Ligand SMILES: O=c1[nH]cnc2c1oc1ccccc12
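Given next, in C-alpha cells, is a single chain: the form deposited without benzofuro[3,2-D]pyrimidin-4(3H)-one.
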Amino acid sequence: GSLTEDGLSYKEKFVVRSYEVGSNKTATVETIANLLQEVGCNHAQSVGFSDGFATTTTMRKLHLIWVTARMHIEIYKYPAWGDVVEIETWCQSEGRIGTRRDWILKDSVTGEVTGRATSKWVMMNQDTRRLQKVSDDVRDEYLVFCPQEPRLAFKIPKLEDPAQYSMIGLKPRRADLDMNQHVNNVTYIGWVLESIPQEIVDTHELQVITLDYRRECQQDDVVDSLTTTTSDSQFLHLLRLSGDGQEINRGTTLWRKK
C-alpha cells in the first residue's frame, strides 16, 4: 500500500486468505477488523508515527497513546477467498476530544464500495489509563497528515439483567495479544458475537456493528459476553468483567437474512 498523491490518505489491497473466511466462504467481520487495523498501522508508519504504538513526538514525551472510544463498521458485501479488497483510510482532528479514523472498502475489480467504517480514538496516559484531551502540540503534529475540510466515510444503552443470551468465562489466549501484550481490540468484536445464537449466525449476515469502549481489558481476566434482542435482527451487547464486575464494552449489531 501507499499514501495517495496528496499525502492525506492511504490505500492498501488485500487478497482474502482461505483461513480468513467463515461458512459462507466470505471474510469474517474479525478479518475485516484486522484489515482495518493493518491499513491504519501502515498509514501511521508511512507518516513517521510508529514500536507497536503509533505516537506523535509530544505523545511519546507525555506517555500518551491513542485508545479506541468508538468503532462503527457497516458491511454491504463480505469479500470471498481470493478476492482483492482495497481499503482507503484517513484521519481528521476532533478538536480537543480526540482523533477520527475512517475507512472505505472496495472490491478492486468492480470499484464498488463494499463497506465503510469510522472510529473515535482518544488520548490516554499508558501507565494510569486516564483519558486526556488533545493538546495543541499533539494536534499540530498530526494535523499536517489530515484533510482539514470534512471527509466522512458516513447513545448505546446499558443491557439490563437478565440477559437473553450469554457466553461466560471467555478468556484470551496469547494469540489475542498484540505486539504490546495488550488484548487486541478485534478480540472484543469476536467476544460480542460469541453470545449471538448459532441459528442467527447460520441464517443472517452482520450488516452494522457499533462498539463503545469504556475501559480496556487484561491478559489474566475473564469476560462475560451478554446479548439481548432489541428487534432484520437487532441486538444490544454488554461485555463486563467476570463476577458482575466492571463494564468493558457496550454495543449494537444489525443483521440481514442471507
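Definition used throughout: the rigid core is the maximal C-alpha set that superposes within 1.5 Å between two forms. Sequential numbering from 1, following the sequence displayed.
Trainee: With everything overlaid on the rigid core, name the stretch, 62-70 or 218-226, whose CA atoms wander farther on average in 9 other deposited structures of this protein.
Mentor: When 62-70 and 218-226 are compared in 9 other deposited structures of this protein, 62-70 lies farther out.
Trainee: Please tell me which region, 129-137 or 145-153, has C-alphas lying farther from the displayed form on average in 9 other deposited structures of this protein, with superposition done on the core.
Mentor: The more displaced stretch in 9 other deposited structures of this protein turns out to be 129-137.
Trainee: Quick one: across the other PDB entries of this protein we compared, is residue 40 left without coordinates in at least a third of them?
Mentor: No, residue 40 is modelled in every one of the other compared entries that cover both of its flanks.
Trainee: In at least a third of the other compared PDB entries, does residue 190 have no coordinates?
Mentor: Negative; every one of those entries includes residue 190.
Trainee: What is the count, as a class, of unmodelled deposited residues between residue 45 and residue 46: none, 1 to 3, 4 to 9, or 10 or more?
Mentor: Gap between residue 45 and residue 46: none, chain continuous.
Trainee: If I compare the deposited sequence with the modelled residues, how many are absent between residue 198 and residue 199: none, 1 to 3, 4 to 9, or 10 or more?
Mentor: Nothing is missing.
Trainee: Would you determine, from the values in the PDB entry, which of 187-195 and 211-219 has the greater average C-alpha temperature factor?
Mentor: Per the PDB entry, the higher value belongs to 211-219.
Trainee: Can you let me know which of the two, 176-184 or 102-110, has the higher average C-alpha B-factor in the entry?
Mentor: Result of the comparison: 176-184.
Trainee: Sort 133, 155, 120, 130 by C-alpha B-factor from the entry and give me just the highest.
Mentor: Across 133, 155, 120, 130, the entry lists the biggest C-alpha B-factor for 155.
Trainee: Whose CA atom has the top B-factor in the entry, of 227, 231, 31, 55?
Mentor: Spelled out: the listed residue with the top C-alpha B-factor is 231.
Trainee: Ranking the modelled residues of this chain by C-alpha B-factor as given in the entry, is residue 171 in the lowest, middle or highest third?
Mentor: Highest third, going by the recorded CA B-factors of the chain.
Trainee: Taking the values exactly as deposited, rank residue 82 by C-alpha B-factor within its chain and report the matching third: lowest, middle or highest.
Mentor: Its C-alpha B-factor belongs to the middle third of this chain's values.
Trainee: Taking the chain's C-alpha temperature factors as the reference, tell me which third residue 26 falls into: lowest, middle or highest.
Mentor: Residue 26: CA B-factor falls in the middle third of its chain.
Trainee: When the deposited Cα B-factors of this chain's modelled residues are ordered and cut into thirds, is residue 9 in the lowest, the middle or the highest one?
Mentor: According to the entry, residue 9 has a C-alpha B-factor in the chain's lowest third.
Trainee: Should residue 137 be placed in the lowest, middle or highest third of its chain by the C-alpha B factor in the entry?
Mentor: Its C-alpha B-factor belongs to the middle third of this chain's values.
We do not show the form deposited with benzofuro[3,2-D]pyrimidin-4(3H)-one bound, though everything after this point is about it.
Trainee: Just checking whether residue 116 would be counted as a contact of benzofuro[3,2-D]pyrimidin-4(3H)-one in the deposited complex - the rule being heavy atoms within 4.5 angstroms.
Mentor: No, residue 116 stays farther than 4.5 Å from benzofuro[3,2-D]pyrimidin-4(3H)-one in the deposited complex.
Trainee: Closest heavy atom of residue 153 to benzofuro[3,2-D]pyrimidin-4(3H)-one in the deposited complex, within 4.5 Å or not?
Mentor: Heavy-atom contact with benzofuro[3,2-D]pyrimidin-4(3H)-one at 4.5 Å: absent for residue 153.
Trainee: Closest heavy atom of residue 126 to benzofuro[3,2-D]pyrimidin-4(3H)-one in the deposited complex, within 4.5 Å or not?
Mentor: Yes.
Trainee: Decide whether residue 65 counts as a contact residue for benzofuro[3,2-D]pyrimidin-4(3H)-one in the deposited complex under a heavy atom distance cut-off of 4.5 Å.
Mentor: Contact with benzofuro[3,2-D]pyrimidin-4(3H)-one, yes.
Trainee: Using the arrangement in the deposited complex, list in sequence order the residues of 195-226 with any heavy atom within 4.5 angstroms of benzofuro[3,2-D]pyrimidin-4(3H)-one.
Mentor: Residue within 4.5 Å: 216 only.
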